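Only one chain comes next, encoded as structure tokens, the form deposited without the named molecule.
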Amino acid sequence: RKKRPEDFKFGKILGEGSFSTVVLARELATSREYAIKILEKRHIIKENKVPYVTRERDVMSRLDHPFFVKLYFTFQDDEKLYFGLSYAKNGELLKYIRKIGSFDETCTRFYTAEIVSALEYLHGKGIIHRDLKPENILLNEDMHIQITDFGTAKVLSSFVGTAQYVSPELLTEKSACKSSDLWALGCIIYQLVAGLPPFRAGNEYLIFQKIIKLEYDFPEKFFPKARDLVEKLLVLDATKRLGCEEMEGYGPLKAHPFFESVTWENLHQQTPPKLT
């Protein structure tokens, strides 16, 4: 039953990383489009990434939620590993943030809520993403989110992700917890509303300075209830972010006033607000 490269008509490159290329592919027998992640074995071995690639495949096998990529299949030839992933027709969330500048309140609320549910599911399984960002939050043809890129993930019984979204505890204890994803969630909300990430600067080092000093500002037009929520996520003490277990988990966070009108139980059956 293993699939093979010949079973597909490969098309355009969707994305490139240091250790992988994601290519759109149309399976011949079915007409189905998959986003196939291709990784060269030699380069993985050379750079000691075997544990990272193994962990990524293992974590993805365990994801069975409409808000996360799905691993349909894997195979390999002599030089390469192939992971068959769900194809997110409408691409990165980042693209929409730039096209429209910033989201109105209805949109921010709806998409934030979906990210929260996704995180609730993910953290429920003791998995931490460690690199959450609009680049990693994809939109499929229905405009529901699909979170991907699990090569940096950690399974709870070393790293640093993208500078703008790195939490203080990572720059301090070199540590990482569910809270780290929640910090990143705080930045993404800020970004949906403001149009830009909260911590900006000329280089990695300057960005890290602002992060540890909690140096950022809210624009005046920022939705008040959204601001309050952000202030309860962008908290230096990881032990005091809305959503973390020390703060008693996702119940209080979902009960936040910003999510007042949200029906949490069937988000992926709701039709997303039109993005304008």
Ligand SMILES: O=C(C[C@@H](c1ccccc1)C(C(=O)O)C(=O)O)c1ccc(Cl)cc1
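All residue numbers refer to positions in the sequence shown, first residue = 1.
Coverage remark for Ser157: absent from the model in at least one third of the other entries compared whose chains are built on both sides. Deposited sequence between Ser157 and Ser158: 4 to 9 residues lack coordinates. Between the stretches 43-51 and 65-73, it is 43-51 that shows the larger average CA temperature factor. Judged by mean Cα B factor in the deposited record, 93-101 ranks above the other of 179-187 and 93-101. Between the residues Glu79, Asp131, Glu120, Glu114, the entry's highest C-alpha temperature factor is the one at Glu79.
Per the PDB record, residue ranking by Cα B-factor puts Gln209 in the middle third of the chain. Among all modelled residues in its chain, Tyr216 ranks in the middle third by Cα B-factor. In the deposited entry, the Cα temperature factor of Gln146 sits in the bottom third of values across the chain's modelled residues. In the deposited entry, the Cα temperature factor of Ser18 sits in the top third of values across the chain's modelled residues. Sorting the modelled residues of the chain by their CA temperature factor places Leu234 in the middle third.
There is another form of the same protein, the form solved in complex with the named molecule; it is not shown, and what comes next is about it.
For the named molecule, fitted onto this chain by superposing the C-alphas round its site in the entry with it bound, the count of atoms within 2.4 Å of backbone or C-beta atoms is zero, giving an open pocket. Residue contact check for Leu171: none of its heavy atoms lie within 4.5 Å of the named molecule in the entry with it bound. Although the partner is absent here, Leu206 is not a contact residue: none of its heavy atoms lies within 4.5 angstroms of the named molecule in the entry with it bound. Shown alone here, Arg32 lies farther than 4.5 Å from the named molecule in the entry with it bound, counting heavy atoms only.
Put simply, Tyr121 is far from the named molecule in the entry with it bound: not one heavy atom of it is within 4.5 Å. Contact with the named molecule in the entry with it bound, defined as a heavy atom within 4.5 Å, holds for exactly one of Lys240, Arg26, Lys41, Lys225, namely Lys41. Using a 4.5 Å heavy atom cutoff, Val53, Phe75 and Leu81 all lie near the named molecule in the entry with it bound. Of the candidate stretches 41-49, 242-250, 212-220, 228-236, only 41-49 contains residues with a heavy atom within 4.5 Å of the named molecule in the entry with it bound.
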